[PDB]
Amino acid sequence: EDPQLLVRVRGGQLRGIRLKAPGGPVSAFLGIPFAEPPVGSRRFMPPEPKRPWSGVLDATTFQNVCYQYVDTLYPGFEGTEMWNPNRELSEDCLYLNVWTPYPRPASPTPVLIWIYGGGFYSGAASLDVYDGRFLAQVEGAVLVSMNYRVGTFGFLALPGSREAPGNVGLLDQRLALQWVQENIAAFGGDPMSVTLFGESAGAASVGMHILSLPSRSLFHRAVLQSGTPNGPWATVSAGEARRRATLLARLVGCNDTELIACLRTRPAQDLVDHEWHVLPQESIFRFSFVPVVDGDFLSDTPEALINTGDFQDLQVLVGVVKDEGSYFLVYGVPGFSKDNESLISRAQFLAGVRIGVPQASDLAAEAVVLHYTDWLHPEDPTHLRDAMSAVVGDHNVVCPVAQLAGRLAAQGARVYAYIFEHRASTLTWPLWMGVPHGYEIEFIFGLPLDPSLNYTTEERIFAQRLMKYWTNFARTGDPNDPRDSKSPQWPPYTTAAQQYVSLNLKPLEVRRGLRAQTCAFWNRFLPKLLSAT
Amino acid sequence: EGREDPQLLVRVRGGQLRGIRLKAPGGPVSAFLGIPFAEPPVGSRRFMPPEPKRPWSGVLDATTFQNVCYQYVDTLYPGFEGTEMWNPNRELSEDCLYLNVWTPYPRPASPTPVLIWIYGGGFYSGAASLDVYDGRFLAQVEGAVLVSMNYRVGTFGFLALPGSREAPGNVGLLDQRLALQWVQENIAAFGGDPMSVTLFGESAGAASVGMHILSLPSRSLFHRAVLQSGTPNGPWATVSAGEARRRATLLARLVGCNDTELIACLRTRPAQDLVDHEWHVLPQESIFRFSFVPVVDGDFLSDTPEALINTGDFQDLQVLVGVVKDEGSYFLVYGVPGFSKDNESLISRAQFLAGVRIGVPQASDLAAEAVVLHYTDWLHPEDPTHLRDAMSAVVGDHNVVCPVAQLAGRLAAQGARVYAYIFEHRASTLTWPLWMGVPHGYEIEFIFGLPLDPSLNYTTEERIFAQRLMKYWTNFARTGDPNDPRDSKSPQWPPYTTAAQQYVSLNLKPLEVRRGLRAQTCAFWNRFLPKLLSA
Ligand SMILES: CCN(CC)CCNS(=O)(=O)c1ccccc1F
Ligand SMILES: CCN(CC)CCNS(=O)(=O)c1ccccc1F
Ligand SMILES: *[C@@H]1O[C@H](CO)[C@@H](O)[C@H](O)[C@H]1NC(C)=O
Ligand SMILES: *[C@@H]1O[C@H](CO)[C@@H](O)[C@H](O)[C@H]1NC(C)=O
Ligand SMILES: *[C@H]1O[C@H](CO)[C@@H](O)[C@H](O)[C@H]1NC(C)=O
């Protein structure tokens, strides 16, 4: 019985496992229950604290993945399968994971808490890309990741109802945050230095904890990678949420109480089978069951809340990858595929815009086409292809990120912004997709340090730089290495100067204006245009 | 005659003329100035189509410029060369339908290509007698036969009650046309070739040239065309019949006046009374908008110029079009608060938003917002220097650059041979401040070859530049191609096409080929803006 792997938390004793990282051992405590299993009458319900247990709970292995849709686009293809569930699916899935250095830290150590993405319909803390052993070993970090309910199980809402109030997946996240406050000291973590970080829907989740009062005592700093609470996909109105929930009910043979009672009788896969039939338009980068603006978890729209808050106590690191939109084109836009260069016609570009901007009126669509067309070469297939990616990337990620950065900075927050531009040498997607949504993550987590993965020696060094930025931020609220010069320094993002840095193999380069002209179009003009219809 | 210069005596259809021997720097030229081409459009003839000049007896003296058509005189900067150079330099009169002819001395023995200049001035002003339109240099250096005519402007030339007999509209354009017909009949007497006639004009004159391209009865009267900083399409060059009627009746009201009775009352009014009130009839506070302009009538123009350049077969057409570097700047000091020739005109964001409403008076709030969105530098949204230059760009692109780009692309798509330029040289002699750059109208002195005048103090390099441009223009007039065939050495000027969109830069450096005439920005003005107005 290794006493380094034996921990007492409030619920009882745990036994972890000594894992090997390339440079030494780490302590891993995997599959710790933080909630009562949300099964049976508990489906759609807020999470309840896990009851205490007897003896020593085995925490040597990952627990089940929250029940979710599984991707079938490219079966066997690593580019897609890397995101697919790597453990059995179950509604019994509210478990978290803790990596610490071996042996347990001598002094209280800053905690990083990872919240996975996956469009609020998918994801798991057990994925190889979220492996916290490298950060734990190299940077001495205490890293936590939790599973949270996704899809209908996490976000089906009949706003106002008792039995499906909505946002329970976010409440799963919050309960794990509370668990960290109560228990992390036993692992050598400092509950007074907690940094949330996440990507895509996980970044949006991080943003919603910033905007939700009861979450504010649970962390001190935040990193939002390629995702925001504001924007076109991260939330729905109460009316649209109810609309989608009732439609789904009808589809599966089902007042709120009776409707939800019937839904709870249905096998999990029946719900998943019909998850995608409730979207109002044919679209991409749009998800059926996402957080709802209810007046509860969120007192108002994220756009409203980031515009009025006092965020002076907040430090935030936000950024995007070079090609945010490319991943999504192969999943719905005719003409795109990972198996060719996806050179498209102008008719295909126009068709793609209606799909990429599903809420657009004819005039709004024309405006987007006008902005992104190269009028010198308006029929060039290479430009039209890359512009289609830009439309989806800017609309859904880059410009909402720029807006969040600008808004938070204006309201007194300390903001650092980045663009991640390095394409992994081991990338399995074709060249035209560039640096796609999600492909900075393997570097932040230090996967190039894994000798079995065949990253270049430059990529190993690049990864260590990023781990240092991230952990320095967690420690200080400042990614800058507090012992360096001639670097150059990573300056805070401001509304005026709008400074951000490029993250690639080259040293930091300071740039100004995050797609400033283009994002002014998306953030300022487009809503006017939709309002006028 | 008998004791006079026998080389200055010429007969035309109306009778005998006596011209004058002028000195140009390289030698003498023949000038026949103030030749009447119409009966004076006075009294009962006011607002009426011109009637051909009835033959006169004896030898008419054609040695001096004639009257300027009655018009508003500019008062913004008294005694300032920058404005006064455009002001009338002869007596203002409704008796103003006269034309001028410059030829080599002695007159060419073989038929010589003819250039016909049509002045601009927003259809409310201008004269063929201005020093910047002096035809002696083109005549002497290039051997050109150059003709320029006065045409009625303002109410006198363009007040219209569409459908009426007594004020049918577009009579200023009919004046121009009558002059073209005069050239067809008489220019051979001067050594000119009526089978090789090239029209050129700037601003409203360029728009006029475009009207003649689009009007059927003008089409046998010329063979090639040059449009400098002006087009028949666009927001200022024409008004609808309903708006022309609206403006005419309002003007009538303002001077104390059934169309026949209204026009009859208008004819009793002193010329100056019409001028004193002509600027009170614009529907909005604006710049680059003129009260009395050509009207879309179904007659002179069978449809809007926009429709006409979209459906025509223009295979027979060779056309040279272009713009200057800073089309918008001149207009800012005349209507937008914060702008002046006497300071650097750095403006606030509030002054920029207000200027946009004035520079785009037809715009709804949403359209104006779109313009502001497009022209703002969102990295420095309140930078006064950028806002000032952006305001200029808004006015220049909207009124000139993008209508020119549209005209070039449309005509080329319909089969025409198009050559396009941007003129980027600022004269060393320019009296306007530096922030205005190369303003509307300031390529003209170079085309006409004024730098060749020793007394004007242009640089040696500017003299050479001027001679280059005169060659481009006369080559085009002669052949429909501005390039010199014997010079395969010097950079070639390629035709503008929709596919490649090639145009050249005109400056002190050799020709440089560029592609896309403000492609993104003009796509906004030409394609999107109209959609936005409709919604
Ligand atoms: C979490 C990183 N992410 C980065 C792409 C991969 C995971 N899938 S997804 O939800 O984003 C998604 C979107 C569209 C189509 C399929 C799909 F899985
Ligand atoms: C014909 C050359 N043009 C080139 C500028 C100078 C003549 N003035 S204008 O009609 O264009 C004009 C416009 C606005 C305000 C005053 C004004 F005279
Ligand atoms: C790429 O692949 C898809 C499906 O495989 C196809 O529809 C598309 O036409 C291809 N692109 C080409 C042929 O340019
Ligand atoms: C320049 O002059 C104009 C006209 O007098 C005035 O409106 C403007 O405020 C002046 N600008 C500056 C910076 O002095
Ligand atoms: C140029 O020559 C001299 C400069 O010394 C001056 O007297 C004359 O007025 C100038 N001419 C013009 C048109 O500026």
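Indices start at 1 and increase along the chain as displayed.
We read in the header that X-ray crystallography, 2.1 Å was used to get this structure.
Yeah, the Cβs are placed from backbone N, Cα and C, and that goes for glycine too.
Taken verbatim from Swiss-Prot:
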ACT_SITE  B:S203  active site, acyl-ester intermediate
ACT_SITE  B:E327  active site, charge relay system
ACT_SITE  B:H440  active site, charge relay system
DISULFID  B:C69-B:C96  disulfide bond
DISULFID  B:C257-B:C265  disulfide bond
DISULFID  B:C402-B:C522  disulfide bond
CARBOHYD  B:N258  N-linked glycosylation site
CARBOHYD  B:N343  N-linked glycosylation site
CARBOHYD  B:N457  N-linked glycosylation site
- If you skip the near sequence neighbours and keep only those at least six away, which residues in the chain come within under 8 angstroms of B:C96 (disulfide bond), Cβ to Cβ? B:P40, B:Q66, B:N67, B:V68, B:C69, B:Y70, B:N150, B:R152
- Note on the structure: Of the recorded positions B:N258, B:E327, B:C402, B:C522, within 10 Å of B:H440 (active site, charge relay system) (CA to CA), in sequence order, we find B:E327
- Query: Where's the emptiest Cβ shell within 10 Å among the disulfide-bonded residues B:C69, B:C257, B:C402?
  - Reply: B:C257
- Other C-beta atoms within 10 angstroms of the C-beta of B:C265 (disulfide bond) total 13
- Note on the structure: A correct count of other C-beta atoms within 10 Å of the C-beta of B:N457 (N-linked glycosylation site) gives 10
- Item | Straight-line distance in Å that links Cα of B:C257 with Cα of B:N258 while 7 residues remain unmodelled | 11
- Task: Please report the number of other Cβ atoms within 10 Å of the Cβ of B:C522 (disulfide bond).
- Result: 21
- Tell me the Cβ contacts of the residue listed as 'active site, acyl-ester intermediate' under 8 Å, same chain only and six or more apart in sequence, or just say none. B:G120, B:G121, B:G122, B:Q228, B:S229, B:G230, B:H440, B:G441
- Message: When you rank B:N258, B:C265, B:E327, B:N343, B:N457 by Cα distance to B:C402 (disulfide bond), which of the recorded positions ends up on top as the closest?
- Response: B:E327
- Those recorded positions in B:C69, B:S203, B:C257, B:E327, B:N343 whose CB falls under 6 A of ligand 4, listed in sequence order: B:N343
- Note on the structure: As a whole number of Å, the Cα atom of B:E327 (active site, charge relay system) is distant from the Cα atom of B:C257 (disulfide bond) by 38
- Give the distance between the Cα atoms of B:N343 (N-linked glycosylation site) and B:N258 (N-linked glycosylation site), rounded to the nearest whole Å. 51
